[PDB]
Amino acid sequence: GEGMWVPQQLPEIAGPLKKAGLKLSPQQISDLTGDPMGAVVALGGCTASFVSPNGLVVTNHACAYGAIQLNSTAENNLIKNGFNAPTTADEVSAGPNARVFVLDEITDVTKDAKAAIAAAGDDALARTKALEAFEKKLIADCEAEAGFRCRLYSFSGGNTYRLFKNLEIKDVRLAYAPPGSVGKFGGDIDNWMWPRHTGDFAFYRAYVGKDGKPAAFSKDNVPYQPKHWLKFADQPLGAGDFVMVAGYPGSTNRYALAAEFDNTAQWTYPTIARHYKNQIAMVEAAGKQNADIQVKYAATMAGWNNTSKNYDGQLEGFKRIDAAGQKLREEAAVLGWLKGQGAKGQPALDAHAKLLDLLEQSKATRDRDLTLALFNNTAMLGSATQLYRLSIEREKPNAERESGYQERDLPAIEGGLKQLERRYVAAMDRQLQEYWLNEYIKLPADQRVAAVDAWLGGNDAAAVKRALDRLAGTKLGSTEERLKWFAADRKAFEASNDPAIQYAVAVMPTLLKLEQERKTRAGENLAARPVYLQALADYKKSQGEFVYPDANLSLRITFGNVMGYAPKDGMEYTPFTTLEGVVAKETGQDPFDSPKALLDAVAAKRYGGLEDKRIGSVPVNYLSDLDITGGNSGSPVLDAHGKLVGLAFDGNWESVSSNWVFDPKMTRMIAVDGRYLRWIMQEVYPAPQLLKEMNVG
């Protein structure tokens, strides 16, 4: 059921957990560094888990898709063909920015955090900088121990702060991925849909130095030896069985103002969806003619598809459940309840009004802000502006550099500059700049930026062509050139005649002003948001209702039971899909083209000792009433005894609006069955060595 429960709520959900079917004690689950919870790691726009004492890690194919794409080329396309390393020496690096974060300690810092903020008095921007100074000090102290990375989280609008300390594994290698016709069977047609038939899994291996300490890639590094790892279920999963997931959901917005929902539904999601689809069409068209563009833009293209389709789905679900009306009625109730309290209700009412004022400030420039950020997110202008900002920041002492630009951030910045080599073609990027240029010209005069209007010298197709012809002169298209600029000082950027760099230098004062506006807004949110959210919480608690914080990229536990759902009168989705379902969708063309070995094994009924007698086949995917979101991809699904029964990977179509307004009847996790993983590694794209390592072969 509903609830992305933080570890600290475990006492509160131990009753419900046992009634749903958990046979482990909740005390065993409370031990976040023990068995099995200590096996769960963050990637961390995704989740994964160890499944071997020798550092083997399972996650989704969608999670490893960036890694797989980084190691693919047009001639040797691992996305299309799959990858299997027969020995550990055959494993390829997953890229310099691949990470596995293993949890080491959580600490509550609420008191000190609120003290730091309170100290700044009545000034909004000082409030933001005080919290930033606190966070940088706290993290620096925490990361004094080598090999560890720390993160400060805010929960329930600034009512609670906790610091997480993680061992940071820096050398992650690709060990196995199925062919993309299994890992992403059905492609974007099946994305966000049930019935699903997708074997969304892949394996990494974590490596550290011989000293045991984390190290960046090196042929002298050796497999990390996790304290705990998961084991496959020995009992078959069936309908109604207990399941639970622990993972790292990114964000939900269930506590938003009705006005914030209204703007997201009316402007944000349709705007983004549209921009994403425009860019998708262009790049699709270009890739059809050029196999190098196709492989190089594959990961970008997966994200644009996923997010655009998710937004279309949310807009549809909002209409399905009248979300706009449910937010308006619920807020009326909260605001009435507060007014019924005179004195002690006044601060939440004041807070409400301020959040509305801030929403209105943000709206005034929303088109300029979005369009600018996306324009500057193309590969050459993104690189130039990042590199030039770094050069500015390096002039300050480290403690005073903007987060993202401190010494601790250097490894990631540099890694991103190299990774872009596999994700960049100038001919494609020029069409993306052209699209964003044409969108900037349609903005009204009051949403324009002087520095961009000047750099353009006009408002017509000829100015656009000139700007593109000039940017074509940049040398930032080669990796070695981006890395030169990574080390160069401010003056050097300000002297250069590279047109991408000249663009950076000219817009940067403006970027810096917008950031101050965001920081000032965020400073007032820091005062108003905790106060309004405490009042929501107190209202829902007085209503009986569930109280848990919105997702914030920290570790959460959700639980429930395998079950389908009823999309309409006269029908039901069943909880499992089966091998014969995969074959029934076969067309022989992308995205319904399974490997031939899969088609043969199914036709010959080779079930590999993994058949569930209750469904007459080997299960493929299943539905359950768990509460997951973006960031839970790859999370392990554990049964009544803490054994691995699948991996979380998607939501059904009707579920996606639950980010704003939760609908119990139509919100289900979609997961890939562990037996399907095993089946593929037996009969389809064989990996006898990993099965034995795990050890189910």
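Residue positions are given as counts along the sequence shown, with the first one as 1.
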item	value
Residue range whose averaged C-alpha B-factor is higher in the record, 333-341 or 157-165	333-341
Higher-scoring stretch by recorded Cα B factor average, 101-109 or 540-548	540-548
Selection by C-alpha B-factor (highest) of 519, 394, 585, 184	394
555, 428, 272, 533, ranked by C-alpha B-factor: the highest one	533
Chain-wide C-alpha B factor ranking for residue 642, given as lowest, middle or highest third	lowest
Entry-reported Cα temperature factor of residue 663, expressed as the chain third it lands in	middle
Chain third (lowest, middle, highest) by recorded CA B-factor, residue given as residue 11	highest
Entry-reported Cα temperature factor of residue 244, expressed as the chain third it lands in	lowest
Third of the chain's Cα B-factor distribution that residue 121 belongs to, per the entry	highest
